[PDB]
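Presented below, as structure tokens, is a lone chain in the form deposited in one PDB entry.
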């Protein structure tokens, strides 16, 4: 269940981290963008597949902060990833050209263009966990501290229905992303042009918690 990252991915992670150290908040923009892409994918599949949305009838992005556990969660009800996809799509990668472009650039816009924004999560996380459920497979968990990664069948079973949850164990210097005021402001900014509703789990005054629409 243990795997090593492809050399190119190791270099890419380092380039991204060294290039965006000044604007770490971009990680949320990238995770939201990826969630949107995943939702576009299942929507495209639903055009031809009548049972496509059976595992979860909604098309949304939901963000939750768990200050107590030092976790930030970004969940989408997109197409999800099979076990094989978790291993291949996150562990391997015009890569040589991009790597040269990044180096020749030192990148915010470039990263999104080449579709490697996911790795910016390491700008603010000591550990990145990806739980995913695809219609053609069972739920699995991918986890990595960037020095290796593992994939295991999720012992909780099918809790997502369909989709993916990106869970970030924040670095000590990234505790700000556990605060609602900050997350709501960033989510609002990065969700403006997303064509799917994005919600943040928040409080409202007793004190009641529920999903708050951000776009």
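If you superpose the two forms and keep the largest set of C-alpha atoms that fall within 1.5 Å, you have the rigid core. Numbering follows the first chain given and starts at 1.
Omitted here: the form deposited in another entry. The next part is about that form.
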item	value
Candidates 128, 81, 74, 116 - which moves between this form and the one not shown, C-alpha at least 2 Å, core fixed	116
Did residue 16 shift 2 Å or more between this form and the one not shown, C-alpha, core superposed	yes
Large Cα shift (2 Å or above) at residue 99 between this form and the one not shown, core-fitted	yes
Cα-Cα shift for residue 113 and residue 34, closer or farther in the other form, minimum 3 Å	closer
Comparison of CA distance in the other form with shown form for residue 114, residue 170, at least 3 Å	closer
